[PDB]
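Worksheet for the structure shown next.
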Amino acid sequence: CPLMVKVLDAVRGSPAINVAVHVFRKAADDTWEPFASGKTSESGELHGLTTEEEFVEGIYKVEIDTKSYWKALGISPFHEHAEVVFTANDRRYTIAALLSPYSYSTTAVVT
Amino acid sequence: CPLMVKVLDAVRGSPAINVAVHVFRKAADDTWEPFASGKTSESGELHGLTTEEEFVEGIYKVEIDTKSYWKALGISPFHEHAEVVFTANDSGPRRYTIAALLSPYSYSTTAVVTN
Amino acid sequence: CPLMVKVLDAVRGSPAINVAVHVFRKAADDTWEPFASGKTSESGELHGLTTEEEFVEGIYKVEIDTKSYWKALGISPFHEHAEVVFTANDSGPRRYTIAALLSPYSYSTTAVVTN
Amino acid sequence: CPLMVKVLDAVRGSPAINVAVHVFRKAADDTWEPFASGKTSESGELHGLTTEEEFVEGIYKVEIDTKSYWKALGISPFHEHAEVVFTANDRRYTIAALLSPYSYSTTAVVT
Ligand SMILES: O=C(O)c1ccc(-c2c(F)cccc2F)cc1
Ligand SMILES: O=C(O)c1ccc(-c2c(F)cccc2F)cc1
C-alpha cells in the first residue's frame, strides 16, 4: 500500500467512518484528474486506493468530504471539505486528518 | 476586517512572516476567480484583503503558500500549500479569522467566526 | 505582558470564554507553587497574570481547565485539563503566548515566544 | 490492549521512535502513583502497558518525554514534556500525540 488515508473525529474521540475521499493527480495541462476514491472503513481507514505501479511521482490532491460527515451528525461545519495537496517523490504515505466542526489538522507519515 | 488570516510556525515558536496568501471565490460557472491576495506581516497576520461590501455570499478558497514559506527557509516540506474552503456570509455578514499552524509535514487550521 | 494565554473552541468556531487557567512555578524543593490564575475574556484571552519582575527564570506549568469548560456547556470531554509545562526566561526575559485549541476529545497547544 | 500510546513527528513526517512514556494513576491521597512505562517502538507505538484487569476506573496521567526526543535531534524544544490527563470510565483507549518543537496536539480514540 503506497497510499493510505486515515480520518479521526476529535469531538467524539472515534474513527470517522463512511467518509468519502477522492484523490486526484495533476495533469500536464495543470488540471486535476480523478485518480482514486473510496469511503473510510469502520476503523476510519481507506486502504487499496492505488498500486505502486500506478502511484508514480507527481502532484496529488486528497479531498476529504468533511461537510457531509458533520451534516450527518446534525452539526453545521465550517469547511466545504479538507484538501491535502502534496508531491509524491520516491515508499509508503499515510495521510491522516483529525476533524472538528471548525478545525482540522493533517499530517503525513512517510515510511 | 471581515476577513483576516493568521499564520504561526510550530518549529520556531513564532509568527510565520511573509507567507503568501491567495483568496479565490467560486464563480457562477463553477471556476475559482481571484478575489484577493497578500502576505503575512511581522505578527503573522494579514489584514485588508477585502471590504464588507465586496465580501458577499459565496464559497471562498484561502490558499496559504506553505511550501514557498518552508523553502524560503531552506526546508523541504510535504504539502504544496494549505487550502481552506468555506461558504461565507450565507446567514448575513460575519467576520472570519482563518488561523493556521504550520510544521513541515503537518498543519492545523481553525476558523473563528463572529457576528 | 510577559505571559498571555489564548484559548479557542474548535466545535463552535469561537474564542473559548471564561476558561479557568492556573499557573504554577516549580519550587526549590521540586513541588508546584501557585504563581497566578485567571479566566479567559470574551476574546478568549487572559492577560495580566504576572509582571516582568515576578516572572523570573523557572519551570512553569499552565493548566487550562478544559473539563470545567466543556461541562459548563454540558458536554462530557475526555481530558481533565490541558497542561503546558516549560522552562521560561533561561536566556533572559522573553514574552510568551500559550495558545490552545480545544475539542471534547482533543486539544492542540503552541507557544509563541518573542524577544 | 486497553491502553495504547502513539507518537508522531510533525517535522519529519515519521513515527517518533524511542520516546519514553510514563503512566501514572491518581491515588486516594491525590498524588500520582507510577503505573506503567515504556519507550515507543519503530512504529511510534507503545503496546502492552497494562491489562484489562489492572486498568480500572480512575484518573490517569500519560507523560511523554518530548524534550529528550527533540534534544537528540539537535533541536531546542519549548515543552518539558507532554502530559495527557484523563478519567478512564468503562473499552480500548488510544492516546495519540503529534509533536513539533513548539507545539503538540493530542487526541483520544476510544473504541
Ligand atoms: O493566534 C491565534 O489566535 C491562534 C494560535 C494558534 C492556533 C492554533 C491552530 F491554528 C491550530 C492548532 C492549535 C492552535 F492553538 C489558533 C489560533
Ligand atoms: O493514529 C494516527 O495515525 C493519528 C492520530 C492522531 C493524529 C493527529 C493529527 F492528524 C493531527 C493532530 C493531532 C493528532 F494526534 C494523526 C494520526
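So you know, we letter chains A, B, ... as the sequences are listed, proteins then strands, and number each from 1.
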Please tabulate, one pair per line, the donor and acceptor atoms of chain D and chain C that lie under 3.5 Å from each other, or say none if there are none.
from, atom 1, to, atom 2, distance (Å)
C/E80, N, D/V85, O, 2.8
C/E80, OE2, D/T87, OG1, 2.7
C/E83, O, D/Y104, OH, 2.8
C/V85, O, D/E80, N, 2.8
C/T87, OG1, D/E80, OE2, 2.8
C/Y105, O, D/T107, OG1, 3.2
C/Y105, O, D/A108, N, 3.0
C/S106, OG, D/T106, O, 2.8
C/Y107, N, D/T106, O, 3.1
C/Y107, O, D/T106, N, 2.9
C/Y107, OH, D/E83, O, 3.1
C/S108, OG, D/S105, OG, 3.0
C/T109, N, D/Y104, O, 2.9
C/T109, O, D/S103, OG, 2.7
C/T109, O, D/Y104, N, 3.0
C/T110, OG1, D/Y102, O, 3.1
C/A111, N, D/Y102, O, 3.0

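Only the side chain of D/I59 has a heavy atom closer than 4.5 Å to any heavy atom of chain C. Within the 4.5 angstrom heavy-atom criterion, no atom of D/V109 approaches chain C. Of the two parts of C/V113, only the side chain, counted from C-beta on, holds a non-hydrogen atom closer than 4.5 Å to a non-hydrogen atom of chain D.
The side-chain heavy atoms of D/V85 and C/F78, taken from C-beta on, include no pair separated by under 4.5 Å.
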